[PDB]
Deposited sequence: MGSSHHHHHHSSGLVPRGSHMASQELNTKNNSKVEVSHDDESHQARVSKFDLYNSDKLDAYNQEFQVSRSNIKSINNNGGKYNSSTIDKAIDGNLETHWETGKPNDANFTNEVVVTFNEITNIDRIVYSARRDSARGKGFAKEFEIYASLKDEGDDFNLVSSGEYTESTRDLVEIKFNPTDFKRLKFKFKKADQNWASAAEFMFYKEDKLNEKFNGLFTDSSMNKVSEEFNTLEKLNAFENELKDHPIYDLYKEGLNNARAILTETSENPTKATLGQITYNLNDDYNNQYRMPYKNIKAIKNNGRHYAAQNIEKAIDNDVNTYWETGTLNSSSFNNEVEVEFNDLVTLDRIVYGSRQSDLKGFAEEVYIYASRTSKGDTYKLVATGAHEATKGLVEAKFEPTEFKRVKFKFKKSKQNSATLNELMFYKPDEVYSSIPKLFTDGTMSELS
């Protein structure tokens, strides 16, 4: 499942991770939208090449071969690459990666400019788009701008990570209008309000139907379901949860019926890093003897966030502290639910309190749907935060 990237229709490019690449849909996608590698006539660049990392390697269809410049950016020199197409070609996107060898990410175009020419020769280039990407240097990114005709496309490494501009691949794509519609599903990057054109179930369901023959329809489903969850959301109704020591976690048969499978955990994270090697993944390793401990400390609240693969209805969260001393036992807890896979869509489900104790405690509340859960350490014994296990039980 992709998530909407936000609309782009200024002259600042939208740059996002090209997650499409990992999918079984890629080939069908490329068939329809990619500019064939066979339409790329030639490539040159102004900085030469390092060793055998020749410029042809930037457009050979292999993410495991790269060009690297022979001359790094400096205060006086900016690396650029010029691609010539067989014929004038309409393009709205570049998909780009830096080198992916042992120095992966080195030379990533952290800032770039894109220029068009309709000629084969001459310096008549006009600025099409400028952009940046600050998230990572290791990513395959989609750079999306206004659809433009190119005989030659010039790509300038305005800032290259560690100056030594590199490219595993430059790939080119034609406009995908339905994809852009999907990119405009939400009003902003928080993805917690559906855009006006989809802002009813009637409109959203019609849109889903409209996407059904699209090559990456299956990847759109997650975002569509997120929108639907927002459209159908009810007012938050937090209660006080009842907290008590429990031992039913020992009961395998019970767990089979009532405990959410650990395999349903897509991801875990927290806001406070961790102390020593008491990392977060051991709050969910199914071992009461291993525990997470925060790197930060209350004042600030510690919070843990668990993402699920499948939405699940829970009525209980079971937790315990580090068993040695009980340091960082959540004495007071806020439980937040989101019904979306991403976005700023959490609502408060329940508040609860219990004295620190050995063993496991359930926090029981009203049955609630969770696609993701936030566990907030309101008050914690000794202003630390610790989890030996975090478990989720159904009504």
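If a residue lacks a C-alpha atom here, it counts as unmodelled; so which stretches of the deposited sequence fall into that category? Missing from the model are residues 1 to 12, 22 to 41, 332 to 333, 430 to 449.
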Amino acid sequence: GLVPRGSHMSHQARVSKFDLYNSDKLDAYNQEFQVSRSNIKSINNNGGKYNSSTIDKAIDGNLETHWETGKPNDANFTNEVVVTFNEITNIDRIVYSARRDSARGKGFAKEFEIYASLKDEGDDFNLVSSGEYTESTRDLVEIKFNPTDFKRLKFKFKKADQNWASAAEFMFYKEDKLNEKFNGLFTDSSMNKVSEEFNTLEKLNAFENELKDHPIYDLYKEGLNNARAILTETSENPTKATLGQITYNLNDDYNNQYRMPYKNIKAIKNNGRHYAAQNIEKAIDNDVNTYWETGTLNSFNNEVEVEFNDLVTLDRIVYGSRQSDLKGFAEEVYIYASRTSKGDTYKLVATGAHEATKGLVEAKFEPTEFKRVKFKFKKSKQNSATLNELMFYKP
From here on, numbers count along this sequence of modelled residues.
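Q | Mean Cα B-factor comparison, 22 to 30 or 62 to 70, giving the higher one as deposited | A | Per the PDB record, 22 to 30.
Next on the checklist: Mean CA temperature factor from the deposited coordinates, higher in 150 to 158 or in 116 to 124?
Outcome noted: According to the entry, 116 to 124 carries the higher average C-alpha B-factor.
Per the coordinate record, which of the options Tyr220, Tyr173, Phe170, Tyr275 holds the highest CA temperature factor?
-> Each of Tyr220, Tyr173, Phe170, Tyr275 was compared by C-alpha B-factor; the highest is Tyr275.
Residue with maximal Cα B-factor (values as given in the PDB entry) among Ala337, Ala350, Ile55, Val35:
Within the set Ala337, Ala350, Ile55, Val35, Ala350 shows the top C-alpha B-factor.
Review point. With respect to C-alpha B-factor, does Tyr133 fall in the lowest, middle or highest third of the chain as deposited?
Key: Ranked within chain, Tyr133 CA B lands in the middle tercile.
What third of its chain, lowest, middle or highest, does the C-alpha temperature factor of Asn298 fall into?
Highest third of the chain for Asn298's C-alpha B-factor.
* Can you work out whether the C-alpha temperature factor of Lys266 puts it in the lowest, middle or highest third of the chain? => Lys266: CA B-factor falls in the highest third of its chain.
Problem set entry | Within-chain third of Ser341 by Cα B-factor, per the entry | Answer is lowest: the recorded C-alpha B-factor places it there.
What third of the chain, by the recorded C-alpha B-factor, contains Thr290? Ranked within chain, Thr290 CA B lands in the highest tercile.
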